[PDB]
Every structure is written in C-alpha cells, then in structure tokens.
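First comes one chain, alone, set out as structure tokens in the form solved without 3-(2-pyridin-4-ylethyl)-1H-indole.
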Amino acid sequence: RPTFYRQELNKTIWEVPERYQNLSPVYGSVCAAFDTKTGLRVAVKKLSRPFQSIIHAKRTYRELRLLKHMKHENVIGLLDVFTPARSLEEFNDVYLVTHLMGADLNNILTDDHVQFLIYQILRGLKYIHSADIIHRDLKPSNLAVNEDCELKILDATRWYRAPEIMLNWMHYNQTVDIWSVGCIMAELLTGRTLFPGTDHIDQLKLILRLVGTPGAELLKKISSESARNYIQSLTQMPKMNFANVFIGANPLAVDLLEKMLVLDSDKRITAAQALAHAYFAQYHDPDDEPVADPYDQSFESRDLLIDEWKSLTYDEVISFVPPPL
C-alpha cells in the first residue's frame, strides 16, 4: 500500500501514488506523468463519475476488464490501476495508467509507411478478434503512433463506421473493424477522408457510390423490411473500379482495399486473412502474430445494481497484477 499525494488539475483533485510525478494535463480526464518505478512516461486517466448510474458503473467495469485482458504489442495495455480508497465503502474514484504514446494517427506517408501502419493494426485486430472482442470505433484518433512508427490500438465518428452498424443490424460480426481499417488505409494513401459524410443518409450514399448498390444475393440476407425497402429505393450506382479511384497506388494495396471495403460483411476479409495478403509480405510473420487468451464476456448480459458493479470493479482493482519488467 503506497502513499498518495493530492493535487488540483483542471478544477479536479488528483490523488495518486507518489510513484507518479510531474503530472501535466492532456469519460474522464487524462494527465501525462513520469513513473519513478519503471522510469517511463505514463498517461494517468482519472475516470469521471465512474459510478454515477448503472450504465456508468457497468461501463467502468467493462473498461477495466478489457484493459486488464490486453497483453499485446499493438494494443494498449494496463500498466497500473489504483484508487485512493482503503475499502469498498470509500471506493469512489478509479485511475488507469498506460504507456504515454507520442501522437495519434490523425495528425499524420509513403507506401512503406502505410504497409507498416496497417500491418500493425491488423495484427492488433487479430489479437482482439480472437478473444471475441469487437472494437466498433476504429478511427485515426483511436490509433497511437510513436516516433518509431510503432502503433497501438486505443479504446466525425461516422466516417469510419461499417454500413451494417449505420443501419443498426443487430448481428454484425468482427469485420465491422475491417471496414474501418479499409477507410483508414484509404485515407493514409490519398490524404483525404474516403467517406466524409454529413449525416447517416449522406454517409451511405458516399459508400454506395464507391462500392455499388447491393445485388440480389446481399438483399436476400437483409431481415429488416424497412431497410430492404430503403436500399432498393435509392438509385442503382455501379461498383467503381478501385484501380481507378486509387490511381497510382501500389496495386497490391488496391487489391486489399477491394477485399476490405465489401458491402457484404460475410464476404469481407478477416484480420488474420488480411495479414497473409501479399501487401504485407515484408512484415507478415505467422509465428509472431499471436491470439489472445479467452475473455469472459458473460457480464455483458447481466442486469445488476450500481453497488454490485462497483463491488465487481473494486475486486478487479485489488486483483490487478502489474506486468513484468
């Protein structure tokens, strides 16, 4: 049990172990800090109102469980989790400590940079997807890149969302993330957002303008009559030739985009399949693209009181084991 020191940052009081020094500000508030134990720069996130409602309390619990499970080089992992509280009764504040990453992918490329960056994302997604976890919100601001161009996955928003999440299909799979990667890859190659839509309707028109309106083989798999009516109403756009839209790009890169930006998610390439694509021949190492331990998601289907979620979160703070140096 370490000793804590109080401090006021951006009109909030931070109580953190003395082990973390020189706090500097950057869902919750985040501070950069120096960690005297590892000698490394860290990010300390103080959650805001972590147990205000059932939804917050479950969301706090979910976030701690996910971070505690991620042990992979291209996914953000948990260095430490702590509370100033000495008991469950006083437990009201949760802090999360992770590696401070240099910048996000948003604020920044040759084809070799794009290969390395997209390769690291797919490698992280393979790990995440193997544990039955879907990210659902992949976008450049959720991708941290240091000076070495080493990338970690963290955590408009609509520009990277899969068409089946736009239409609220209840049974989408992991490939909603592959769609996002496709949109990201296309932005890195061209400098431009692929689908910069102003709202949900406009967003889908821009998508269908590139990938074409869906054929009868995809229509026969849509369960919502209203969605089916809507889709068939809109004007028939032809599938464009990616080799023309992405003119001058590496043709292996165009080929991967065509396999990622597929409307039908049953036919969209997976992260593991994409890792073996020729586009990543330089980097692909099948002996060095691990999968994750199983992840118990059964709590997602539970309806519990705020104090029960809080209690379950307290247990996970106590049982936390720091990763090895």
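Sequential numbering from 1, following the sequence displayed.
The protein also exists as the form solved in complex with 3-(2-pyridin-4-ylethyl)-1H-indole; that form is not presented, and the subsequent description refers to it.
Even though the partner isn't displayed, in the deposited complex is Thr98 close enough to 3-(2-pyridin-4-ylethyl)-1H-indole, meaning a heavy atom within 4.5 Å? Looking in the deposited complex, residue contacts with 3-(2-pyridin-4-ylethyl)-1H-indole include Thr98, since a heavy atom lies within 4.5 Å.
So in the deposited complex, does any heavy atom of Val30 sit within 4.5 Å of 3-(2-pyridin-4-ylethyl)-1H-indole? Within the cut-off, so yes.
Evaluate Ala249 for contact with 3-(2-pyridin-4-ylethyl)-1H-indole in the deposited complex, applying a 4.5 angstroms cut-off between non-hydrogen atoms, and reply yes or no. No.
Indicate whether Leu88 is a 4.5 Å heavy atom neighbour of 3-(2-pyridin-4-ylethyl)-1H-indole in the deposited complex. Residue-level check for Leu88: no, no contact with 3-(2-pyridin-4-ylethyl)-1H-indole.
Contact residue in the deposited complex, from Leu154, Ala243, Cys149, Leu210 (heavy atom within 4.5 Å of 3-(2-pyridin-4-ylethyl)-1H-indole): Only one option qualifies, and that one is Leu154.
Let me know the one among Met260, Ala292, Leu67, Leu275 whose heavy atoms come within 4.5 Å of 3-(2-pyridin-4-ylethyl)-1H-indole in the deposited complex, would you? Looking at the other structure, the residue within range turns out to be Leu67.
If contact means a heavy atom within 4.5 Å, which one of 115-123, 250-258, 98-106, 189-197 is the stretch that engages 3-(2-pyridin-4-ylethyl)-1H-indole in the deposited complex? Among the listed stretches, the partner-contacting one is 98-106.
Judged by heavy atom distances of 4.5 Å or less, which residues of 26-53 approach 3-(2-pyridin-4-ylethyl)-1H-indole in the deposited complex? If the 4.5 Å heavy-atom criterion is applied to 3-(2-pyridin-4-ylethyl)-1H-indole in the deposited complex, 26-53 yields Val30, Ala43, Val44, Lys45.
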